[PDB]
Each structure stands twice: as structure tokens, then as C-alpha cells.
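Each chain, written out:
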Amino acid sequence: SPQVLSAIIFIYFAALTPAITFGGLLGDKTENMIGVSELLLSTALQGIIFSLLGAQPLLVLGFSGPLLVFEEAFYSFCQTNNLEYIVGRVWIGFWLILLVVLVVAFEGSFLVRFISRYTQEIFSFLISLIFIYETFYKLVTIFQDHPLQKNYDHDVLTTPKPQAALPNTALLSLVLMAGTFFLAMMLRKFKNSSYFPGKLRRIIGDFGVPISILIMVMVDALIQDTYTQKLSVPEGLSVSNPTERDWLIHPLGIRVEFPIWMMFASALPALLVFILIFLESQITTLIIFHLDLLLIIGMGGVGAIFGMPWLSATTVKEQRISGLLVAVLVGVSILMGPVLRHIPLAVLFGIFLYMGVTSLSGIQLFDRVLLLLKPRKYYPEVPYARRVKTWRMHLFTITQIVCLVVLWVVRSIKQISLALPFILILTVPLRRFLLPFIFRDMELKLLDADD
Amino acid sequence: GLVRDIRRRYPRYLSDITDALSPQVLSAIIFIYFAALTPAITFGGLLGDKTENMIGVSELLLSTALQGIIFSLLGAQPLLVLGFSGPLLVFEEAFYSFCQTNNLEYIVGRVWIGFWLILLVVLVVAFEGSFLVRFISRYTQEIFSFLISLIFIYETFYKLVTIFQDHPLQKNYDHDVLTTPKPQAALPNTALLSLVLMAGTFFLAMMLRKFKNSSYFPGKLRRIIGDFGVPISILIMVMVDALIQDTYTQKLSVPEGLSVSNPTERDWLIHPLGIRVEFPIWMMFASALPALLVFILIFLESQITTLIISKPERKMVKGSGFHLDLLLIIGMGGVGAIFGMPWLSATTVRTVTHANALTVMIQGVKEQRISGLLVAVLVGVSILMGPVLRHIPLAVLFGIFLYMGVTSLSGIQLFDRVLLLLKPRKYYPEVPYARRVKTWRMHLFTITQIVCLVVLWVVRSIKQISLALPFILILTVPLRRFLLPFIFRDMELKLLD
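Here is what the cut-offs are and how they apply
The residue numbering used throughout counts from 1 along each chain in the order its sequence is written. It may not match the entry numbering, and residues with no coordinates are not shown. Written order decides the labels, with chains lettered from A and ligands numbered from 1. Calculated side-chain values reflect all of the structure's heavy atoms, with hydrogen atoms and water omitted. Comment: elements are numbered from the N terminus, with helices defined as DSSP H or I runs of at least four residues and strands as E runs of at least two. In this treatment the radius of gyration is a C-alpha quantity, and the globule benchmark scales as 2.2 Å times the residue count to the 0.38 power. Relative accessibility under 20% of the residue-type maximum defines a buried residue, over 50% an exposed one, and the middle range a partly exposed one, all with a 1.4 Å probe and only protein chains included. Note on areas: Shrake-Rupley with a 1.4 Å probe; residue coverage comes only from the protein chains shown. Note that the domain bounds reflect an automated or database-derived domain assignment. Contacts: residue pairs with any heavy atoms within 4.5 Å of one another. Joining two parts hides part of their accessible area as seen by a 1.4 Å probe, and the buried area is that hidden amount summed over both. When a carboxyl oxygen of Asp or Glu lies within 4 Å of a side-chain nitrogen of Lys or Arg, that pair is called a salt bridge. We call two N or O atoms a polar contact when they sit within 3.5 Å, provided that within protein one can donate a hydrogen and the other can accept it, with sequence-adjacent residues counted only if both atoms are side-chain atoms. Note on geometry: axes are lines fitted to C-alpha atoms, helical ones only across the stretch in contact, with angles between N-to-C directions running from 0 to 180 degrees. Crossing handedness is read from the near helix: turned anticlockwise from the far helix by less than a right angle, it gives a left-handed crossing, and turned clockwise, a right-handed one. Each residue receives one of three labels: charged for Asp, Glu, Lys and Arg, nonpolar for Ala, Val, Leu, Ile, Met, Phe, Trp, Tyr, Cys and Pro, and polar for the others, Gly being one of them. A patch consists of residues whose relative accessible area exceeds 30% and which take part in no salt bridge; residues with like charges are grouped when within 9 Å of each other, and nonpolar side chains (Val, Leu, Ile, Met, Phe, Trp, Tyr) when within 5 Å. Throughout this description, the term nonpolar core refers to a set of buried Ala, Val, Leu, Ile, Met, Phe, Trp, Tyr and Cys residues connected via side-chain atoms within 4.5 Å. Aromatic pairs are defined between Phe, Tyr and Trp rings, using the six-membered ring for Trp, whenever the two ring centres lie within 6.5 Å; interplanar angles under 30 degrees are classed as stacked, those over 60 as edge-to-face, and all others as tilted. In this scheme, the term charge over a ring applies when either NZ of a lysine or CZ of an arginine sits within 6 Å of the ring centre and within 35 degrees of the ring normal. When charges are counted, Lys and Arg are positive and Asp and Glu negative, with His and the chain ends excluded. Every helix has an expected span of 1.5 Å times one less than the residues it contains. Cavities and pockets were defined on a 1 Å grid built over protein atoms only: a cavity is a set of grid points that admits a 1.4 Å probe from which the probe cannot escape, a pocket is an open set flanked by protein on both sides within 12 Å along at least five of seven lines, and lining residues are those with an atom within 4 Å of any such point. Grid points are joined across faces, edges and corners, and a volume is the space filled by probe spheres set on the points.

**A look at the overall build of chain B**
For chain B, the helix and strand inventory stands at 21 helices and zero strands. The C-alpha atoms of chain B give a radius of gyration of 24 Å, which matches the 23 Å a tight globule of 497 residues would have. Counting only residues that meet the buried cut, chain B has 47% of its 497 residues in that class. For chain B, the exposed surface amounts to about 25,400 Å²; the carbon and sulfur share of it is 70%.

Below you can see the structure in the form of C-alpha cells.
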């Protein structure tokens with residue numbers, strides 16, 4: 001039916017873009033062991049298995065930025081001491097498996113009733129903050145990679161990697177930073193701005209991100225006489241750097257034997273993986289049980305058998321086939337490697353920055369953050385601050401920003417890391433106990449009263 | 001009938017001095033100075049190239065400084081700013097080409113043209129020069145304003161094309177080029193930094209414009225930040241290229257000549273009968289025709305410029321005169337031509353934005369005489385700021401060029417009507433009668449505007465002398481205004497202007 005045909009391409013584009021940009025980040029955060037092809041492969045098998053067995057097959061199991069934070073944090077930690085990044089994460093998946101059985105006998109969803117607006121918005125806010133900083137962190141590296149000078153080198157070989165600083169890349173990327181980004185919100189504004197006959201506007205407005213990936217690549221295609229850092233994608237049914245990773249991975253390691261004391265020391269990073277997906281799992285279910293949640297946990301460790309990163313829940317009879325059609329097209333997407341390798345890495349980051357910006361506008365916590373600099377004579381009439389004195393909201397925001405500041409510090413230090421969720425989960429009792437000690441319940445029922 | 005303008009503005013002349021004490025006036029000086037100096041630097045260098053240094057940048061600069069100062073004192077509309085324009089260069093290009101072909105001294109023939117211009121303006125002023133000005137309608141003004149804005153943006157954007165062609169991207173080693181005269185060959189890492197510079201200024205200027213219009217930050221200091229926005233945006237990014245010293249970027253250059261640049265060609269006393277050619281008598285009598293063509297260009301541009309500025313939609317209704325300023329632009333222009341300076345005109349880009357500076361949201365607009373005086377004073381002093389100004393790149397002042405075009409575009413009803421063409425029929429203007437009874441005819445009415453623009457879009461891009469466009473403005477729109485009733489009725493037409 002035409003309704004299905006229009007819908008399937010729409011959702012396929014919705015799942016197509018995040019996988020590409022997420023892998024490029026991992027392709028950069030990891031040396032080359034984790035890239036795009038495997039992630040494009042994982043979501044293909046992920047779609048079919050959840051569609052067959054799932055309480056809500058219309059849901060989508062995508063990837064999340066918060067998930068990506070853990071792997072890079074582990075990757076930095078795995079670089080602090082001599083360890084195998086892929087092999088170590090494989091052992092983590094084994095630990096997750098035994099956690100599933102512990103929840104199989106008795107559910108552990110009691111923490112769902114203990115989630116709060118003060119908790120879920122304070123978590124998403126810093127995620128967007130990490131997104132913009134990482135993009136800004138690259139241009140600093142790019143500047144150091146290609147310091148500005150006068151053409152002085154001749155014919156530097158760059159097929160594996162640019163071996164020397166060369167012109168016309170440090171500032172071409174900067175244009176690629178803005179050109180992709182500047183075209184983004186205007187399409188977003190176009191969708192939110194009268195133009196083409198009603199539906200005639202939103203048809204392309206809903207595909208603004210999918211359509212704003214070709215304009216600069218065509219410009220990139222139009223510019224072949226200048227090098228751009230592009231995707232390092234292997235051929236079909238191949239692992240990026242097969243000399244470094246394979247489809248089958250030996251748990252004791254491929255090149256170096258894994259340390260003996262690390263098989264049973266992987267429990268700690270394993271529970272954190274469960275925590276981060278668990279909190280995100282309920283957010284996507286708020287649009288409207290245990291079996292659906294627990295299955296996601298089990299299939300998460302399934303990927304670690306082949307050394308594969310896990311996925312996460314995302315937004316939204318023929319419900320079964322809807323997940324089937326999207327999954328198979330994702331699998332076929334690996335077959336156009338040569339044509340998708342022409343897209344440079346710079347295009348991804350502008351989109352990646354735009355990802356956090358869109359999520360930033362959807363957070364009500366930021367809405368009162370800007371009110372701090374707003375004078376107290378033009379505040380919007382929202383029925384949560386009209387009955388409360390002005391200085392009270394600012395005190396509450398102070399309690400919020402300090403949580404962001406300490407979270408900012410913990411991730412920044414390379415020595416003490418991988419504890420970011422650990423310091424985050426303990427904020428809930430502070431909301432449950434410390435916050436009522438300072439603010440009235442009637443006052444509290446307007447600040448973090450989630451709908 | 002000119003005494004009417006004299007009697008009108010003179011009482012407020014002594015009051016406009018007090019009106020210039022606002023900090024906004026100080027900012028407004030900063031805006032226009034660079035906004036008016038840079039085209040002169042651009043045109044003067046190009047004009048000096050065309051004239052083979054018989055009229056250099058300084059001669060334009062001296063004309064810019066002196067004419068602006070005196071007009072700011074005695075002009076009935078001090079908010080007007082006078083300078084050179086692109087269409088004028090078209091006449092300049094043809095004149096020496098014709099003169100050199102006929103072995104005529106370009107400067108001597110230029111002086112005789114100025115003699116005619118002073119004669120012509122005297123006759124026109126006495127016999128009600130502004131009588132035909134009252135027949136100029138909004139249908140005319142919107143066309144003229146829109147096309148210049150489109151041309152200005154295109155010409156500015158054309159400069160972007162030149163930079164890419166001048167410095168094509170490549171992977172070939174390039175050695176030093178000195179650039180003493182100018183960079184003789186392409187160098188890498190230099191074209192795109194102009195783009196981010198011009199865009200960054202544009203991005204900063206528009207957001208602070210919203211910021212000034214937004215409720216962020218309380219009261220007066222917020223207004224001052226919005227008032228001083230572009231120079232703040234300029235200076236912060238003037239700091240940006242100062243920080244990066246690893247790559248050459250194209251910057252403004254100042255003629256070292258302080259007393260007078262290109263003085264060897266200039267005579268201390270120019271002789272109307274000839275200097276080294278013995279100007280023939282049958283050229284000084286035929287020089288009326290090129291002067292007449294010059295008169296049409298300067299007259300039309302100046303009159304509509306004042307009309308657009310003095311339109312009732314703006315609060316600028318008090319202290320306006322058309323006869324008085326008419327002789328000032330032309331008589332002094334004739335004086336400059338006799339005294340070896342190029343005649344100037346009033347470009348809508350600089351004049352409208354000047355008033356835009358002294359505009360408050362919509363609240364009253366500020367009227368000053370010193371602001372126009374000081375900017376012209378600084379034009380002559382620009383030789384002193386040469387060094388400091390040597391750090392100013394073209395890219396930063398290229399970005400604002402877009403900004404003035406967009407801001408000048410906001411007040412155009414035609415552009416608003418042009419916008420309505422893409423806008424759906426669900427959204428209505430403040431005049432529903434125009435839209436309701438002409439749901440389809442608005443598009444047809446705009447097409448008539450578009451057709452005039454398209455025709456005028458071609459005339460100035462022809463392979464030959466394009467100086468017929470001022471006539472084209474007279475040919476189409478006034479004739480259109482009388483042929484318009486053949487299509488629609490009086491109540492139908494009147495509501496659109």
C-alpha cells in the first residue's frame with residue numbers, strides 16, 4: 001500500500017542517518033577497530049530479532065550518544081593501562097548475561113517509580129553539552145594537524161593518513177562545519193514556517209536532515225582536486241582492519257594475552273552498561289513490560305560475543321513487518337561502500353552538533369536557565385513560576401548547575417573516569433531526601449513535576 | 001520656490017546640533033564612515049586604473065570629504081550622504097575612451113561638462129525643479145530600491161567569485177609573490193577565511209539585531225549594545241585576523257599622499273581653454289550632451305533617494321527639502337569637476353542605511369547635522385588612520401555589505417509582496433482589501449513589478465554603454481502608471497501604493 005511505501009522510506013531515513021554519524025565518531029574515537037560498517041550491520045540483525053519478539057514492535061532500537069560516551073570513556077581507560085579494547089569489552093558482555101538471569105527470577109523495575117524530571121532532564125542536558133564540545137575539540141586537533149603556514153611541502157603521500165601538514169584542509173573543514181550546520185536549522189525552520197501548500201512543506205521538512213547530506217557532498221564531489229578526510233569503510237562482509245579484528249574473536253585475545261586479573265574485574269563496567277540503558281529505556285515508553293526490557297539487555301551482550309557495541313531504544317498487524325522492512329534495508333546498505341566513502345568526515349560533525357542543538361531546545365530545564373539573564377519584567381506566563389517567588393527558581397537552578405559542573409569535572413579527568421553514571425545515580429536520593437529538606441512539597445510540585 | 005526649503009529647514013538647523021548628543025549618533029558615525037569609505041576605496045582604485053592615474057583615489061577622497069562636509073552644513077536633508085556610484089563609473093569609462101580616441105584631454109572636457117552642469121541646475125531650480133518630483137509614486141520607488149539591493153548583493157557576491165578565481169583551490173606548491181603591488185599569484189588557505197569572516201560579521205550582526213529586539217538583558221545598556229553592534233562585531237573580528245599572523249589576507253590600503261595624491265598630473269591652476277591640447281571650441285559646445293546625460297543620472301538618483309527617506313511611513317517628515325539639496329549636489333559637483341574632483345551622487349545603500357542608524361523601534365528617527373559632518377571630516381583624515389586602517393580586511397567589510405542589503409530590503413513592500421507570492425493564501429496582510437479582491441491579481445500585479453525589474457536587470461549588464469537605464473526608469477514606470485488603469489480600476493490601484 002502507498003501508505004506503507006511512504007512510511008517505510010521515512011523511518012528508514014530516520015534510522016539511516018544516526019548510524020552513519022555515530023560510526024564516524026567511533027571511527028575517530030577508536031583508531032579503526034570500531035567504525036560504521038559493523039554498526040550498520042548490527043542494526044540490521046537488531047531490527048529483525050526485536051520485531052519477531054517484542055511487546056511494541058513499532059519501536060525502534062537505535063543508538064544513543066550517552067551510550068557512545070561509555071565506550072570512549074572505556075577506550076580512554078583502556079589506554080591508561082595495557083589492555084585490549086575489543087577483548088575487554090567482550091568479557092563485559094559475558095558479565096551482562098548473568099545479570100539477566102538475576103532479573104529473570106525477580107523484576108528490578110522498582111527504580112522506574114523513582115525516576116524524576118530533576119533526574120532525566122539533568123542527564124540529557126549534559127549530553128548535548130558533550131556533543132558541542134567534541135565537535136569543538138576536533139578543530140583544535142585539526143589546527144594542530146594542519147597548522148597554518150605557506151605552501152612549503154611537495155607531493156605528500158596521504159593514502160593511509162596525511163603524513164604532513166598540508167594546505168586547504170584546516171579551513172575547508174571549517175566551512176563544512178557551518179555549511180552543513182547552517183543548512184540544518186533553516187530546513188528545521190522551514191518545517192516550522194508556512195511555505196509549500198500545507199503537506200507540500202512538511203514532506204521535505206520532515207526529510208531536512210536526510211536531504212541536507214548531499215548538497216555539500218556534491219560540492220565535495222565537485223572538489224576532487226582537494227583532499228578531505230573521508231570514511232574508512234572496508235568492502236562488503238569484511239571487518240575494518242581485518243588484521244586487527246575478525247568476525248570471530250578469541251576471548252583470550254588475538255595479539256596479546258588478556259590479563260588474568262581482568263576476567264573477573266569486568267563486573268563493575270558491566271553493571272554501568274545496564275544502568276545507562278535501563279534509564280533510557282523508560283523515556284521512550286512515555287509516549288503512551290519486563291520481558292521487553294530484559295530482552296534488550298540480553299541481546300546487548302549478544303553483540304559482545306563478536307565484539308560488537310550495543311544499541312538503545314529510540315522513538316517509534318503490520319507492526320511486525322514494519323521492523324522487518326527497515327532491518328533488511330539496513331543490511332543491504334553495507335553494499336554501497338565505494339560510493340559512501342566519498343563523503344568526508346567533516347560532514348558528519350556538523351550534523352552531530354546539530355543533533356545536540358535540536359535536543360537542547362526540547363529541554364524545559366534550559367528554558368528557565370535563559371530566564372536567569374532575562375530581566376524580571378518579561379518572563380513568560382507558565383503555570384509553574386507564577387505562584388512562586390522569583391528568587392526561588394534561581395536557587396533551584398543553582399542546585400541544577402552545580403550537578404552539571406561536577407559531572408563536567410569527572411568526565412574531564414582521564415585518571416578517574418568511567419564513574420560518570422555512578423555519580424549520577426546517587427543524585428536521585430538527593431532529590432528524594434535533600435531537596436524536600438529545603439523546598440516545600442507544594443513548591444516542588446511545579447519544578448520537577450513530570451507529565 | 002527654493003526659498004520654501006530654506007525657510008523650512010533653517011529653524012531646525014540650530015536645533016539639530018543639540019539633537020546630536022545621543023550616544024547613538026556616535027555609533028552612527030562609525031557605521032557610515034566605513035560604509036562610505038570602502039566603496040570609494042574600491043571605486044577610486046578601479047577609477048584610477050581606468051583613468052590611468054589622472055584622477056586617483058585621493059581626488060575621489062577629496063571630493064568625498066569636502067562635498068560631504070559642506071552639504072552636511074547647508075543641506076536641507078543632512079541625513080543624505082553623497083559619494084560616487086557604479087553607474088557614474090560607466091560614464092567615466094566611456095568619456096576618456098571617447099576623449100582619447102578623439103585626442104581630447106579628459107580633465108579639460110570634464111571641466112567643461114561641469115560648466116554645463118552648473119548652468120543646467122540653475123535653470124531647473126528656478127523653474128520648479130521638484131514639480132515633476134511630486135509625480136513620482138511608490139510604484140517607482142520600490143522598483144529602484146529593490147534593484148539596487150539585488151545589484152549590491154550580487155556585486156558584493158561577485159567579489160566572492162573574484163577571490164575564488166584569483167586564488168583557485170589546488171594541491172600545487174606555491175612560492176612567495178611579494179604582493180608589494182598586489183599578490184601576483186594564487187596562495188592557499190586564504191580564500192575561505194574571507195568567507196568565514198564575512199559570514200561571521202553577518203551572523204553576529206543579525207543576532208544582535210534580534211538581541212536588541214529581544215527581551216534579553218535589561219533596559220538602556222541592552223539598547224546601547226544593539227546600537228553599537230556592527231562596529232563591535234567588526235572590531236572583535238578585526239581582532240580575529242590580528243591574532244592569526246601565519247597567512248596573508250587582503251586588507252585595506254591607504255594612499256600615502258596626505259597633501260594630495262597623484263599631484264603630478266594635477267595642475268595648480270587648471271585652464272579651461274586647454275593645458276597641452278588647446279581644447280577646440282567645437283568640443284566645449286558639444287560637452288552639453290554628456291553633461292545632460294550626467295544630469296539625468298544624478299538628478300533621478302538624488303530625488304528618489306530623498307523621496308524614499310522622506311516617505312510618510314517614516315517619522316522623518318520634519319525638515320525636508322528637495323530644491324535646496326538639488327543645487328548642492330550638482331553645483332558643488334560642477335565645482336569639483338572644474339577643480340579636478342569627480343562629481344558625486346546619493347546612493348540608496350549608504351543614504352537609507354544612514355537613516356536606519358538613527359532609527360528606533362517603530363519609534364521616531366533621529367535627525368543630526370554633525371554626524372554627516374564628522375564622517376566627511378574623517379574621510380579627509382583617513383590618510384592619518386592609514387596604519388591602523390591597514391589592518392582592516394575586505395572580508396569583514398564584505399559581510400556587512402550583505403547586512404545593509406538585507407536590512408534595506410525589510411522596508412520594501414514589494415519585497416513583502418514578493419514574499420507573499422510564496423506565502424500560502426491562509427495568511428493575510430494588514431490590508432485585506434488588496435489581497436481579498438485580488439487573490440490572483442496580486443501575483444499578476446507583482447509580475448508587472450517583476451517584468452520591469454527583469455527588463456532593468458538586463459539593461460545594466462549589456463555588452464555596451466548601459467547609461468540608458470535612467471531613461472528606462474522614466475520610460476516604463478511613468479508610462480506604466482497611465483497604462484495601469486487600462487487593466488484595473490482606481491480603487492483597485494490606489495490601495496497598493
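**Examining the domain arrangement of chain B**
Residue and element names in this part refer to chain B. Partitioning chain B into structural domains gives domain 1 (3–144 + 254–390) and domain 2 (412–494). Computed over C-alpha atoms only, the centres of domain 1 and domain 2 are separated by 30 Å. With 15 residues of domain 1 at the interface, the matching set in domain 2 holds 21 residues. Together domain 1 and domain 2 conceal approximately 1,600 Å² of surface at their shared face, both sides included; 77% is due to carbon and sulfur atoms. Three residues stand out in domain 1 for area buried against domain 2, namely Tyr139, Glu142 and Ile143, and they jointly supply 47% of the buried area on that side. Inspection of the domain 1/domain 2 interface yields one salt bridge. Put simply, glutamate 142 and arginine 417 hold a salt bridge, and the shortest N to O gap is 2.8 Å. Connecting domain 1 to domain 2 are five residue pairs in polar contact. For the side of domain 1 that touches domain 2, the elements supplying multiple residues, two or more each, are α4 (86–101), α6 (138–166) and α11 (288–309).

**A closer look at the packing of α11(B) against helix α12 (residues 323–338) of chain B**
All names here are of chain B. The interhelical angle for the contact between α11 and α12, taken along N-to-C directions, is 140°, at an axis separation of 11 Å. α12 is crossed by α11, and the crossing has right-handed handedness. Each of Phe295, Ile298, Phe299, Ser302 and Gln303 in α11 lies in contact with α12, whose residues at this interface are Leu326, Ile329 and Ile330. Taken together, the residues of the contact of α11 with α12 sort by class into six nonpolar, two polar and no charged.

**Re the pattern of salt bridges**
All names here are of chain B. In this structure the tally under the stated criterion is 18 salt bridges over all chains. Linking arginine 110 and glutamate 92 is a salt bridge whose minimum nitrogen-to-oxygen distance equals 3.5 Å. Of the two residues, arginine 110 sits in helix α5 (residues 106–126) while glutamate 92 sits in helix α4, which places them 18 residues apart along the sequence. Salt-bridge contacts for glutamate 142 lead to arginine 138; the nearest nitrogen and oxygen are separated by 3.8 Å. With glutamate 142 and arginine 138 both in helix α6 and four residues apart, this pair spans about one turn of that helix. Judged by its relative accessible area of 7%, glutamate 142 falls in the buried class. Salt bridges here are not isolated pairs; linked through shared partners, they connect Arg9, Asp16, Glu367 and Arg369.

**Here we look at a nonpolar patch on the surface**
Together, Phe196(A), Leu200(A), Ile203(A), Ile204(A), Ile211(A), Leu214(A), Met218(A) and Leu422(B) make up a nonpolar patch on the protein surface, roughly 670 Å² of accessible area in all. Take the nonpolar patch: its biggest share by element is three residues, from helix α7 (residues 199–205) of chain A. Structurally, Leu214(A) can be placed in the loop between α8 (208–211) and α9 (215–222). When its relative accessible area of 44% is taken as the criterion, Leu214(A) is described as partly exposed.

**Some words on the nonpolar core**
Residue and element names in this part refer to chain B. One finds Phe91, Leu117, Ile143, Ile330 and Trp343 to be the most contacted residues of the largest nonpolar core, which totals 80 residues. Counting residues per element, this core draws most heavily on α11, which supplies twelve residues. Two domains each donate at least three residues to this core, and these are domain 1 (3–144 + 254–390) and domain 2 (412–494). Other than its neighbours up to four places away in sequence, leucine 117 contacts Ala291, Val294, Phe295, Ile330 and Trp343.

**Topic: the packing of aromatic side chains**
Applying the stated criterion to the full structure yields 33 aromatic pairs over all chains. Between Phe295(B) and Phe299(B), the aromatic rings sit 5.6 Å apart at their centres with planes inclined by 15°, giving stacked as the arrangement. Pair noted here: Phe295(B) and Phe299(B) are both in helix α11, with a separation of four residues, about one helical turn. For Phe299(B), a relative accessible area of 14% gives the class buried. Counting every residue linked through ring pairs, the aromatic cluster contains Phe10(A), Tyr12(A), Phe13(A) and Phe207(A). One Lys or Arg, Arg411(A), reaches over the ring of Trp408(A) and ends 4.5 Å from the middle of that ring. One residue, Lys423(B), lies across the ring of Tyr195(A), its end atom 4.3 Å from the ring centre.

**Examining the domain arrangement of chain A**
Residues and elements named next belong to chain A. Looking at the assigned domains, one finds that chain A contains domain 1 (2–140 + 230–337) and domain 2 (363–444). A straight line from the C-alpha centre of domain 1 to that of domain 2 covers 29 Å. Residue-level contacts link 22 residues of domain 1 with 24 residues of domain 2. For the pair domain 1 and domain 2, the summed buried surface comes to about 2,200 Å²; carbon and sulfur atoms form 82% of the total. Ranking the residues of domain 1 by area buried against domain 2 places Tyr118, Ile122 and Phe125 at the top, with a combined share of 32%. At the junction of domain 1 and domain 2, the tally comes to two residue pairs in polar contact. Of all the secondary-structure elements, those providing two or more residues to the side of domain 1 that touches domain 2 are α3 (65–80), α5 (117–145) and α10 (267–283). Per element, the largest residue contribution to the side of domain 1 that touches domain 2 is twelve residues, and it comes from α5.

**Topic: the interface of chain B and chain A**
Taken together, the contact between chain B and chain A spans 26 residues of the former and 27 residues of the latter. Across the chain B to chain A interface the summed buried area is about 2,500 Å²; carbon plus sulfur atoms make up 58%. Summed over the three residues of chain B that lose the most area to chain A, namely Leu169(B), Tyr173(B) and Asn189(B), the buried surface amounts to 25% of that side. Across the chain B-chain A interface, the total number found is one salt bridge. Note that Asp176(B) is salt-bridged to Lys150(A), the shortest N-O span being 3.0 Å. In this assembly, chain B and chain A are joined by seven residue pairs in polar contact. When residues in the side of chain B that touches chain A are grouped by element, the largest group, four residues, is from helix α7 (residues 191–213) of chain B. Looking at the side of chain B that touches chain A, its residues break down into 13 nonpolar, seven polar and six charged.

**Section: the side chain of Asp241(B)**
Residues and elements named next belong to chain B. Inspection of the secondary structure puts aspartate 241 in helix α9 (residues 229–243). Although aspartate 241 is buried, it forms no salt bridge, and the closest oppositely charged side chain is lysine 251 at an N-O distance of 4.0 Å. Apart from residues no more than four positions distant in its own chain, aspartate 241 is found in contact with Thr249, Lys251, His391 and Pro393.

**Observations regarding α3(A)**
Residues and elements named next belong to chain A. End to end, α3 covers 23 Å across 16 residues, agreeing with the expected 22 Å (1.5 Å per residue, within 8%). Of all the residues in α3, the buried ones are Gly65, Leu67, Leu68, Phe70, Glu71, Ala73, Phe74, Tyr75 and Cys78. Elements in contact with the buried residues of α3: α1 (2–29), α4 (85–105), α5, α10 and β2 (312–313).

**Considering unusual backbone geometry**
Residues and elements named next belong to chain B. Backbone geometry places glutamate 128, a non-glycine residue, at a positive phi of 50°. Mapped onto the elements, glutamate 128 comes out in the loop between α5 and α6. Judged by its relative accessible area of 37%, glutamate 128 falls in the partly exposed class. The phi torsion at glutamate 278 lies on the positive side, around 55°, for a residue other than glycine. The topology assignment puts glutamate 278 in the loop between α9 and α10 (281–284). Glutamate 278 sits in the exposed class, given a relative accessible area of 54%.

**A look at empty space enclosed by the protein**
Gaps left between atoms show up when a probe the size of a water molecule is rolled over them. Residues and elements named next belong to chain B. Put simply, the largest cavity is a space of about 210 Å³. Lining the largest cavity are 23 residues, with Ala36, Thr64, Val81, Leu82 and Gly83 positioned closest to its centre. Sorting the residues of the lining of the largest cavity by element identifies α2 (23–51), α3 (57–74) and α14 (370–381) as the ones contributing at least two each. Looking at side-chain class alone, the lining of the largest cavity contains 16 nonpolar, six polar and one charged residues.

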